[PDB]
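Novice: Next input, structure requested:
(chains A and B, ligands or ions: 2)
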Number of protein chains: 2
Amino acid sequence: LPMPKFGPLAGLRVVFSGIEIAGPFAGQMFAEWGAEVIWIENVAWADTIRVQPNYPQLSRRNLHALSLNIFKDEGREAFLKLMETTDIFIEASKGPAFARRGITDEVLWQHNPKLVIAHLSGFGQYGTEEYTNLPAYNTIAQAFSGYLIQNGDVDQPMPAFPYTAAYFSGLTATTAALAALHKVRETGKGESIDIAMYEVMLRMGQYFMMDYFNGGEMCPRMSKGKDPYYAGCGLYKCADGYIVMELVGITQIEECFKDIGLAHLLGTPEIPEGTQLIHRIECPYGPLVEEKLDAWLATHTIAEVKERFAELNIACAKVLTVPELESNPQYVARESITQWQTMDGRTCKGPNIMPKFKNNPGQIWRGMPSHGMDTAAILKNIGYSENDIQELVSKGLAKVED
Amino acid sequence: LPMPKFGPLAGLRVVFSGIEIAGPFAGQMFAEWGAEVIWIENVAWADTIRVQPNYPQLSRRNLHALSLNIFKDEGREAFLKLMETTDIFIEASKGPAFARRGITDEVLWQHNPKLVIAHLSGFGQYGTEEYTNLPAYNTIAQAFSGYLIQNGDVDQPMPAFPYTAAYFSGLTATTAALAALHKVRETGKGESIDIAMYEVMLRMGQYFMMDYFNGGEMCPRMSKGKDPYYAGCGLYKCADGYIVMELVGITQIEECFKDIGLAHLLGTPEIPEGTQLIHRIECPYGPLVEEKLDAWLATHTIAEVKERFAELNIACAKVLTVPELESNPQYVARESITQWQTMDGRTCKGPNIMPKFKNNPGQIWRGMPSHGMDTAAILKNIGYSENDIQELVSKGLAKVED
Ligand SMILES: CC(C)(COP(=O)(O)OP(=O)(O)OC[C@H]1O[C@@H](n2cnc3c(N)ncnc32)[C@H](O)[C@@H]1OP(=O)(O)O)[C@@H](O)C(=O)NCCC(=O)NCCS
Ligand SMILES: CC(C)(COP(=O)(O)OP(=O)(O)OC[C@H]1O[C@@H](n2cnc3c(N)ncnc32)[C@H](O)[C@@H]1OP(=O)(O)O)[C@@H](O)C(=O)NCCC(=O)NCCS
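Specialist: Numbering: from 1, shown residues only, chains lettered A, B, ... in the order given. Ligands and ions are numbered 1, 2, ... in the order given. You can find the structure just below:
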């Protein structure tokens, strides 16, 4: 398949079957980094992502587009022969959907014993009848893992946004696939990976949930974007706008208390010598600290707080709106936002490849492919004849380039 | 170093230097999956994570604890010899801090030309003077990437929580390190990776930001946990509590419109045949759909909505509180939450290894190590004498087991 040789993953062959974010995000990350990546869409309908006006130009760039019925007759026989040349297969289904349709892990390893198989689902490959085969999206994974209940304001839980759990789940799939890939390169035998979205998100929400599991209470939600436990952390107003700050570290606490008028608190039974952190609930002075911090910050400009906090080594930043990013000097310097050409021949703007590999940078070599774009190319490369692939399209088992 | 042989990453050697979540999360994930992982803390102070009462039992499990001044005299000479046996080194600093302290990539590859180096920072290894050396935490990365501005309610932006950006950044580091690791196993030459937290989070927030970069407007924030654009997606109230649902798909929309009393809308110029999604803003009927959905849902119990939505293949779930997880039958069936023994000999409860590798499951073999726990073991393994490592402790350059 014609493509430039670049990135740490050059010449690795990846195929994924899934829609929206989670599955496709996992597979396309390989493409960002130079792998050969086949996106499989059904033959009758297309990936739901295509309904989004701009995003798919980013999230499906560098891909090859197959369109094949991977479960019906010869359409299946093709998919499985394809699997013989595949290093990694990502699939995102309602539970063990592939297995209950005939394509088990053992059937797959029959065609490629080295194959790394990554199963992405809401609730896992096995469990109970009630949950295992349920459909799932990001919000479902947030709801079921206790992530959603931790987000929002004191009085109003809400999902983390945009579609946060889909990105964590796809990223975990990518990670786990590369880990399994390493094992294949070291023992010569394939692997199957069972990634349940809610288990991913259960992990991502443990910071305070670990307290509940081990004697404690659950923390509340934030109030107005302030950390539920630690004073001086989260969202604050200066005289001229929103900033964030983290009041963490001995030196930071000592010098900041001095600025805001709380010097006399340092060295008390409650704030002894090496205090690195200020717990707002446990501390009688917790609310006083917030009151004085708020008052001191409201006296200063964002720029002045930034200068003083750079002196004290207190992390902070202006809360940037989307219109402010393009022309930020850090963004500009690092080409964090770039441009590329779509397939239709139009100019498209959005994030560059991340992260930056030094010796083998990733690169944007192709825009989002059309539905079925590369089907004929892929089947001829797998060994199907011109007429033989013409029959596949005919019996409805494949969609050719429009 | 004594440890069981398990997981896809058995016999891979990983060292990380960093505190809190991002850096350590990246390194410890290797440990979940069977790698040998050395956590480096400073000799004078310890990782700030240790101030948290329970979480570190999860986030530092399966680790070996070094405590060494990696920048001063012989402390440096040790670190660099250690680097000769290391496959992957994760470091989290204020920008290019290691390089401006003498330990450049070229110095590191001098001691190991194959080494994969992963640099985690707020703002990158290079850029402008204003930003490149700034300290960063999760909230700083959320603020600077336009992630924070997208979270919260219409009237109140807030961070995604808990510390969402630290997990994305550490997960990306893990992923990118394994990708680079693959390249080393295929060309024999090392790699350096520049992971800027804000660039990670810029990527994770593109779903609607891509509209802004390409002609459009930015979406608003959610109202009460409802999707800013798509009707029938996000947080809803039933008669007896919060659920989430995603109204996506032709069949789902058709049958759900029929239930809620909006049948006559199907087939209009605005909702034609294969409509997969309902845009609340663009659609004159968008608000009507919400009103009827809300009213229909408030008539039913969570259990009844679940049953009907399982018939229509509409993804949904009860919003679970933290006290509801342990005894959920899916959690129980998959052992999603487990127990292990700490070093002090106490019983600790929390998430199991995720995800589940089939042939080479990860496993919890050790609790969180104490500050300096394994220093003497590591230095003797690297080739330092008993007296030779006694001198390191003496000149303040290392901390031994308490
Ligand atoms: C997202 C999800 C709900 C969509 O599934 P769905 O609406 O029920 O069904 P699809 O649109 O994928 O297609 C329906 C059927 O066609 C099949 N189909 C999909 N790809 C096919 C292929 N290329 N060839 C033949 N048939 C195919 C599917 O196997 C599915 O089978 P099933 O009815 O036996 O269960 C489901 O894939 C899922 O829960 N995935 C896991 C979590 C996830 O990735 N969520 C979305 C990202 S946020
Ligand atoms: C988190 C962060 C702000 C903390 O840094 P800090 O408070 O300024 O400093 P540290 O507590 O790490 O230590 C201070 C100095 O001691 C050094 N130190 C750290 N580990 C050391 C080691 N084991 N041996 C000798 N010195 C060490 C550091 O290099 C740092 O050097 P510098 O003063 O030249 O810049 C910073 O590491 C950072 O921005 N990291 C990147 C983003 C990140 O990971 N954030 C935290 C997770 S959410």
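
Novice: what about the closest residue to ligand 1 within the stretch 251-400 of chain A, how many neighbours?
Specialist: Across the stretch 251-400 of chain A, the shortest distance to ligand 1 (C-beta to the nearest ligand atom) belongs to residue A:397, at 9.0 Å. The C-beta positions use only the backbone N, C-alpha and C, and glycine is treated the same way. Burial of residue A:397 is recorded as 21 neighbouring residues (other C-beta atoms under 10 Å in any protein chain shown).

Novice: looking at it, it is touching residue A:67, isn't it?
Specialist: No - between residue A:397 and residue A:67 there is no contact under C-beta atoms under 8 Å: 9.9 Å.

Novice: Common neighbours of these two, please.
Specialist: Common contacts of residue A:397 and residue A:67 (C-beta atoms under 8 Å, 6 or more residues apart in numbering or on different chains): residue A:43.

Novice: ok, stretch A:242-258 near chain B or not?
Specialist: Yes - judged by C-beta under 8 Å from any C-beta of the partner chain, stretch A:242-258 comes into contact with chain B at A:242, A:243, A:244, A:245, A:246, A:248, A:249.

Novice: Show me the beta-bridge partners of the fifth one.
Specialist: When bridges are taken as DSSP bridges, the partners of residue A:246 come out as residue A:233, residue A:315.

Novice: now swap in the first one and tell me
Specialist: Listed by DSSP bridges, the beta-bridge partners for residue A:242 are residue A:237.

Novice: Count the residues that sit near it.
Specialist: 19.

Novice: Is it in contact with residue A:235, as I believe?
Specialist: Yes - contact criterion C-beta under 8 Å: residue A:242 and residue A:235 qualify, at 6.1 Å.

Novice: got the contact list for residue A:356?
Specialist: By C-beta under 8 Å, 6+ apart, the neighbours of residue A:356 are A:334, B:124, B:125, B:193, B:194, B:195.

Novice: quick one: residue A:90 and residue A:178, what's the gap?
Specialist: In this structure, residue A:90 and residue A:178 are 12 Å apart, going by C-beta to C-beta, to the nearest Å.

Novice: Of the two, which one has the most company?
Specialist: Taking other C-beta under 10 Å, residue A:90 and residue A:178 do not tie; residue A:90 has more neighbours (31 against 27).

Novice: three-state assignment of the more buried one?
Specialist: strand (DSSP: H, G, I helix; E, B strand; the rest coil).

Novice: Give me every residue in the stretch 251-400 of chain A lying close to ligand 2.
Specialist: Within the stretch 251-400 of chain A, the positions lying close to ligand 2 (C-beta under 6 Å from any ligand atom) are A:313, A:315.

Novice: Which residues of the stretch 251-400 of chain A lie near chain B?
Specialist: Counting by C-beta under 8 Å from any C-beta, the residues of the stretch 251-400 of chain A near chain B are A:276-277, A:310, A:313-326, A:329-330, A:333-334, A:336-337, A:348-352, A:354-360.

Novice: Which of those residues fall in strands?
Specialist: Applying DSSP state E to these, the entries found in strands are A:315, A:316, A:317, A:318, A:337, A:348, A:349, A:350, A:351, A:356, A:357.

Novice: Out of the residues you listed, which comes closest to residue A:290?
Specialist: The nearest member of these to residue A:290, counting by C-beta to C-beta, is residue A:316 at 15.9 Å.

Novice: So the closest one sits against residue A:244, correct?
Specialist: Yes - look at residue A:316 against residue A:244 with C-beta under 8 Å: they come within range, at 6.1 Å.

Novice: need the longest helix for chain A.
Specialist: helix A:164-187 (DSSP state H).

Novice: thinking again about what came up before, highest neighbour count among the ones in strands among the residues of the stretch 251-400 of chain A next to chain B?
Specialist: Top of these by neighbour count (other C-beta under 10 Å): residue A:317, with 29 neighbours.
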